[PDB]
Amino acid sequence: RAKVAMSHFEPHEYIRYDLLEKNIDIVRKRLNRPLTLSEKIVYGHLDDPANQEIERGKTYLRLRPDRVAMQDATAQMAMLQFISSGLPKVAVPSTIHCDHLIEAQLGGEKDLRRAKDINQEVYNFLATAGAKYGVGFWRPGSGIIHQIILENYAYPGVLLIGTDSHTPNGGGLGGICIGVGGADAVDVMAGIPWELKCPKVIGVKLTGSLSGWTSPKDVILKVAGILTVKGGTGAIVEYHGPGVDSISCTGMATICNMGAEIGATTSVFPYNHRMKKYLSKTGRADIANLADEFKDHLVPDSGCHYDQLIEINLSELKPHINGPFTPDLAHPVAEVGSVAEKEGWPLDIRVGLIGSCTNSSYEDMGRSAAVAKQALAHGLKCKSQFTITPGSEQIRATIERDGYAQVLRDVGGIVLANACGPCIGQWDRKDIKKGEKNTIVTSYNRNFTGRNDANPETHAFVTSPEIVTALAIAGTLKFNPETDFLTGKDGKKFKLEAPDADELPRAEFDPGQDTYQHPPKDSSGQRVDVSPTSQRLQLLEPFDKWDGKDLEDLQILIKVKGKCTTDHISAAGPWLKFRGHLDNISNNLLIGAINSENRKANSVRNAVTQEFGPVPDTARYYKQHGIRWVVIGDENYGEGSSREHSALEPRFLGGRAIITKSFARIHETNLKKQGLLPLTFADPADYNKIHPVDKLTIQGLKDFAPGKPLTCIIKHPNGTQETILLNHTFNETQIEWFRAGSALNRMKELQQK
Ligand code: SF4
Ligand SMILES: [O-]
């Protein structure tokens, strides 16, 4: 047996491709059919491969992940729940990355110094709880969670879970990396099996090769346009075909990253020589050599069956730019100017923003610098404001060293700290006023309303970093880098040629400053202090167990119209200040959702006072008076970012059930984890039978069972009653979470008490 360590920081934790192989072989003896690559890695990690029921789309798999990664906006509540479990140490390699609480304002070093003073209490809490429980800690300034994972922790065949919806990024290195809520990370840190509904597999066969201005980002901008934001739900997207070898390993991670915007469980590429190359240049040639010996297990079987196949010819793909509003409104760059003109979207670009974990590779930075040096060679600078977010300290130190950062400063860019910043709305943006209509273009991934600056009228478009750079120099959406001319300082018209740049540094990567803090797994006599008067951190009081009774005469808090993402439910931005304080963050509950009654945000009728007011204030009034309530939603409810606060906050303010036409995956799991009932209409037209004034009784909880629907009695004010049926996806493990009041309550019953 080979003894190759999982990373440079865990020299004693070895990669177990021997167990992966053994489990794949138990499973293919049972199934007698070819396995896709995602099937090999996922079934290769089952807790019990001989007995597990495997039906794509139907069974819940009990899995053993190799490691857990958390970022600091979700690590605080995952760790406060681990502290209530009472367990002494994490069971698997786990890390915390401090990337979400650094606000962009002054640029780089100045913003990091300010964040360290402002967020002291929280960074402290996380560093101490990390030292105490055996969790590795990447300090503020070190980089964004997915770039640090790609550079240090992802490898072919890993099963990794992360408390962030863009965890799929690590699929660019052939692993299965899945986004989860904080309570799912607590299961694995605690050592119990992790459950995942068996995925469907969408295959995307790539043919030809990219060339010119077309980059890896255009592949997933095209795929998002084809599948739409609800097309990937419950499936893994598995890229394959001869065109795969023409994409860099970091380009593969860009594509897997943005698969989060079509609702996919994750995305994955097969192990090939581009990944081998990246592993060797990031100090992990021993891992590339071991994966070469287990190569058969890290590619799909011949003839495996995909549930949907899409074919993309890379040689015909053109540059794309998606938005405004939703990531699946796809346009060629060649025609977004004309469409904008037509639709009334501002053509003048105020800000061009590149980088973040989706698009800060060395190759991305080099291609953007290659565009920028052509503008500089004609005496031009950006017309738009222009920001650059490096995804890690290693990338910042290396592009600084190889000269790209200076080219990007000379065209007018400001380099921001190695942190999410504008990508999750941590941006002190003052060039526009709130409600001023304007257009920004980014090389990020989500461009939903208010995501980047909390201004509903900002039209955000997502594209590749080299296209953001060319459009920031032109200053307008009415500019096509492939066809159009700019006028230099000197009066000559010139055309931008297609950027060419190296994939990886010729020299090695410069790691930059010391940013990792290993746990004393010696010492650990750390005491975690949470002040009882902190406004930022609060220990959890357990939720009530189920009373054994049906839910009668539930009040509707709000019937939501249309789209309701986790940012409508639990907004980010300034509310990130309270991600470790459940009572204070609950003051944002559902403030962005549209009430069907009046089509306004944050204005619902209080049933007792008959005043219209804020949703959190109304939910606290109902709670205070003993009125149990419900939310009614439309399709794909809870779409988006993974924040379990979206499920914790309604449980905390007295909600009992959320009834919708359908749920996004991570949010439905988070609702079940927190003791709420996520239920869907057995007939979606019944959404129209429920009016805001109706009261509901959910009956049948005594006989709650997998596959059996619950009965809902709609009680109309005129005395009419209508019965409808509601489906649920609970298996009996999950019904036990409901009966105990939460999954954490259940686990504590199992820990002998
Ligand atoms: S907020 Fe943006 S930069 Fe931060 S982890 Fe998510 S995708 Fe990456
Ligand atoms: O994310």
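Count begins at 1; order follows the chain as displayed.
Method of determination (from the header): X-ray crystallography, 2.0 Å.
Just so you know, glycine gets a Cβ as well, placed from its N, Cα and C.
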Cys304, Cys357: which one does Swiss-Prot list with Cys420, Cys423 for the [4Fe-4S] cluster site? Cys357
According to Swiss-Prot, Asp164, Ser165, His166, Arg446, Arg451, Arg579, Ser642, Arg643 bind substrate; which one of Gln71, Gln81, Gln721, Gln734 is listed for that same site? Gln71
Around ligand 2, within a Cβ distance of under 6 Å, which of the modified residues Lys3, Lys22, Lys116, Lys563, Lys695 show up? none
Taking the Cβ of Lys489 (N6-succinyllysine) as centre, how many other Cβ atoms lie within 10 Å? 9
Between the recorded positions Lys205, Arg446, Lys563, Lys695, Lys715, whose Cβ has more other Cβ atoms within 10 Å than any of the rest? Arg446
Which modified residues from the list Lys22, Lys116, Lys545, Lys600, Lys695 come close to ligand 1, meaning a Cβ under 6 Å from one of its atoms? none
If you measure between the CA atoms of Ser165 (substrate binding site) and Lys205 (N6-acetyllysine) and round to the nearest Å, you get 24
Residues sitting within 8 A of the centre of the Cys357, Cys420, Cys423 CB atoms ([4Fe-4S] cluster site), not counting those, run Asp99, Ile144, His166, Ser356, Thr358, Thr389, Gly391, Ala419, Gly421, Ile424, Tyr444
Of all the recorded positions given, namely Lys205, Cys420, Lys600, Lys715, which is spatially nearest to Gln71 (substrate binding site) at the Cα level? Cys420
